[PDB]
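Here you'll find one protein chain in two forms, each presented separately as structure tokens under the names structure 1 and structure 2.
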Structure 1
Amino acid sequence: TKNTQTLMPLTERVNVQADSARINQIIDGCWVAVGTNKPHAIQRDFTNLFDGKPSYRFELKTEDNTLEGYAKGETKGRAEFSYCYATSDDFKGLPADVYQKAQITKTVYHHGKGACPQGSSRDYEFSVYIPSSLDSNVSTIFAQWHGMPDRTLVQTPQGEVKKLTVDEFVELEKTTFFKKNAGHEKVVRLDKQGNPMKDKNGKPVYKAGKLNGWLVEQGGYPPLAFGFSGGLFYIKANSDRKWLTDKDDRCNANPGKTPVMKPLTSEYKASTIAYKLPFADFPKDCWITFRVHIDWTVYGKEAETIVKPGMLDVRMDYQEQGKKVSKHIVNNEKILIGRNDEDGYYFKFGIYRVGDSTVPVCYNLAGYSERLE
């Protein structure tokens, strides 16, 4: 379209769990970006409009994996937009310690917009443009509905699972250094001279000592993901009914080896490939609109039961040879989808390169909207 401005880098990034987003960090009034801040990673695209608005071009080159994988030596890349985040306005008028404690418990976004409640019914819609230049063997998730773990739910060194209050978790953090989900003894960093280090505020610099037996809920597979892997486009739903998620339970369906709508299961998890299609058959160089309806599974909290299964419906619309096409790729399928958490789920789209892959990824996304139903 316009050449006065074509590709405009959007380099501001926000850690939604630990920080509120500043005004100059919010994109188009409804997104914040997460991941590598390389200029070419995320750019507003005036050359490819969707709904009369510039779209978002995401790109991860072969050397853009800035994160570590689940296994030693492995890595992963990320450049996404998150619909859920808190702003300073969300904490305006409250005592300063509310925000301070939210940062410590990693629940800042609990005070922001963008998340749906547990067991709710929601409609989502978004569009993606996959250029013919995208390698068929990329391993990337381009849209996902992410969980919001119980940040104060822990397991004592004796094995008991307890939901602490914000204040109690804050107290625990005074003596426990949590590396993701595992708790370690908090050790005071010392320099070569043997003198204790000091952060910007003059406080000691802590480091992780040995494991101290404490665990906190963190991580977990995304309840719903749209992506490419092994030469296939797929839609995968995950369910975790355990009250305190077990990261060691690797129940995760392989798009190519798992039959459609037949969940792979463990005691507490269920992973379902709701739909799969050879990459070559995925429409290229055109905007594809996905209409997704989700009835989130209702869980029993401490009871760890499935109170009510969920449901997933997906429609895929695009223009072919000059005519409107709409495929009902996931037809009102009863399914287990979600996590047994207090909080619900939030949407993200862009690039999440997984499977220890470094294959270049580049495509455009746009037109997100969510409604109640």
Structure 2
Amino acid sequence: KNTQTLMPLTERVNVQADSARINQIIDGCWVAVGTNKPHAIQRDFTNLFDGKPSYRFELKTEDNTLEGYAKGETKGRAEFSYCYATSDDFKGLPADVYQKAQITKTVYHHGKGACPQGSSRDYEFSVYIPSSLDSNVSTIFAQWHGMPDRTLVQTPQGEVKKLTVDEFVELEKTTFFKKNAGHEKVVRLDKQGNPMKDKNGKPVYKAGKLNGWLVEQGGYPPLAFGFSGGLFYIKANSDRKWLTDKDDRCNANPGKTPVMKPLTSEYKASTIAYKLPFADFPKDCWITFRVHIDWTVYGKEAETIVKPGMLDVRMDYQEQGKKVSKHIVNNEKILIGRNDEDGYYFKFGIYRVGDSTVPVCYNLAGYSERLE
């Protein structure tokens, strides 16, 4: 209720486990995820894109709030997600639909903003990298993220089963899932000898030993635009395993990997579709990317590539007076996607990876997305 040159957008939504309230939605189409510090995300009336304010994202050195895969690893996040559900997506349904969705982390499957498996889509967004950004940042600024099968499990007998939502809710009563791995659900004892309770009543557990159950969770993003090691890069990832193997690292290093030569494992491929030295990426101007994706088609339980995907990217900006359009990924056949039931959704902002704490600050704007 007081206009400034930068206005913090501090509401955050857990899109897997919670519907977005009307007052958390941004510009009618986004919700924010990651650290809620006022400076992390602001509407920027000082740097306009298409004559409208843009979104200024910033993580400072201390803003890593998240844990990485490797021990003692951290990561930092302030992003917008184009995919979330609202209370209107559940209105009129039985009350247990939303309750069980929060439990299985499937609330967002009931909302807008995801494209289907194996579909064709066009995306466009714009970014502004100021001169002030350090050439050693390690950050992803736009990504298309997958949607894991939340009730797909491996039993303690090594068999892969797709549970119903109800069956999974039952499993969760006796299994404490540490990200993707099931653990004995041990009642946690307070120092008094008594069962500890949540802040707001709920009973609290902790993981005992691995109990044999696994669930699909996480995984690399199928497409990511970022900077790392002094390079701008576009990286596409493919996972054709029905149940993702979280331990199968297959993640191409941009600086060591040539373009369009996939790094592969039995089931995964990570491909650098494009890279450019940081010094050569245009600074202090708005750059517009137009991305066409034909998502790879996978064979589900057969774990096959039914049809490879395709990626095309144009990069447009003004230089010294005129329009420049560079066809930086030219209609490339590529493996891109994940073998899941559900498809993919877009996010932009700062996703600080590779255990980096170098500050990051840049602006993003102008997203649209069309079924074509």
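By convention here, residues take numbers in order along the sequence of structure 1, the first being 1. Shifts are known only where both forms have a C-alpha. Here, rigid core means the biggest group of C-alpha atoms that superpose within 1.5 Å across both forms.
Q: To test your reading of the superposition: with the rigid core aligned, which of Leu164, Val170, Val161, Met197 moves its Cα by 2 angstroms or more between structures 1 and 2?
A: The only residue crossing the 2 Å threshold is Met197.
Q: Hey, core superposed, how many Å does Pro309 shift at the CA between structures 1 and 2?
A: In the core superposition between structures 1 and 2, the C-alpha of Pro309 moves 0.2 Å.
Q: Residues present in both forms, rigid core superposed: which consecutive runs of three or more show CA displacements of 2 Å or more between structures 1 and 2?
A: Residues 2 to 5, 197 to 204 form the runs that move by 2 Å or more between structures 1 and 2.
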